[PDB]
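Here is the structure we will look at, set down as structure tokens.
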Amino acid sequence: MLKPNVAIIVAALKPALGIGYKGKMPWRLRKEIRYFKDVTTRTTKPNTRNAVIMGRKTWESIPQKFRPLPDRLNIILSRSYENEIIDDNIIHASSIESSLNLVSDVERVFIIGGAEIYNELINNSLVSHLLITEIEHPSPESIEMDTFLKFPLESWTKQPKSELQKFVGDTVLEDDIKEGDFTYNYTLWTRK
Ligand SMILES: Nc1nc(N)c2c(Sc3ccc(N4CCOCC4)cc3)cccc2n1
């Protein structure tokens, strides 16, 4: 695959864009996890699938019985890895671009995490879209967090929901989803 458009998909707590605490998301949003699954899995073309890209630490944090993520090509980045196809669902690579050279029959590409991946790849011009779930809570400060997005959003534009809907196709987009004390919305951003 040559110079594909890539999307980042993340869930962040406004306004600081907190994303984790000691390796874990500080919340359990059952519907939000479902949306992550549907978006990264659905495809429109026939014999295709999407690819998910993750850092080695996130891979390692998934229980072994739960990896690879089903129905998607999993790509794991490590600075120590050789570019290699492990099996039909797993690729090892040392760069995003090198990993993409090993694939065919991929419809979309998503970077899924973690923090270091997000923060480094946001500056790669292959990244064309951001799918940010913006989470809100009455007392954001009550939530312990150590990891944050460092995204240059002054250079990105938040699109209208119509554009997101077009993006995700048939997926149902509910507004102001509430779970416990959290309220969230799905958003799409593109580069200015
Ligand atoms: N919108 C969205 N985006 C993701 N990318 C999701 C992941 S994948 C993921 C992997 C790593 C991290 N983290 C960042 C740093 O370490 C805490 C874990 C967060 C999400 C798992 C569940 C729901 C998700 N929701």
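Only this structure's heavy atoms are used, side chains among them; waters, hydrogens and symmetry mates stay out. Counting starts at 1 for both ligands and their atoms, following the listed order. Residue numbers count from 1 along this sequence.
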> Side chains of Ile135 and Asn185: does their closest heavy-atom pair fall under 4.5 Å?
Replying inline: no

Which one of [options] has a non-hydrogen atom at the shortest distance from [atom]?
atom: atom 10 (C) of ligand 1; options: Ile132, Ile112, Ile135; answer: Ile112
atom: atom 12 (C) of ligand 1; options: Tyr118, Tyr186, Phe148, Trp27; answer: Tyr118
atom: atom 17 (C) of ligand 1; options: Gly114, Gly23, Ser61, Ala12; answer: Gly23

> Counting each atom of ligand 1 from 1 as listed, which ones have a heavy atom of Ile33 under 4.0 Å away?
Replying inline: 22 (C), 23 (C)

>> I'd like to check which ligand 1 atoms, numbered from 1 as shown, lie under 4.0 Å from a non-hydrogen atom of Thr133.
In response: 1 (N)

> For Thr190, which of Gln159, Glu163, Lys158 qualifies under side chain to side chain donor-acceptor pair (under 3.5 Å)?
Replying inline: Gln159

> At what distance, to the nearest 0.5 angstrom, does CG of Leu13 lie from CE of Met25?
Replying inline: 10.5 Å

>> Let me confirm one number: the OG-CD distance from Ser99 to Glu84, rounded to the nearest 0.5 Å.
In response: 13.5 Å

> If you measure every N/O of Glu32 against every N/O of ligand 1, is any gap under 3.5 Å?
Replying inline: yes

>> Check for me whether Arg108 meets the cation-pi criterion with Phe167, that is, NZ or CZ under 6.0 Å from the six-membered ring centre and within 45 degrees of the ring axis.
In response: yes

> For ligand 1, is there an atom lying under 4.0 Å from some heavy atom of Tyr21?
Replying inline: no

>> Between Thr171 (side chain only) and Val168 (backbone N and O only), is there a donor and an acceptor less than 3.5 Å apart?
In response: yes

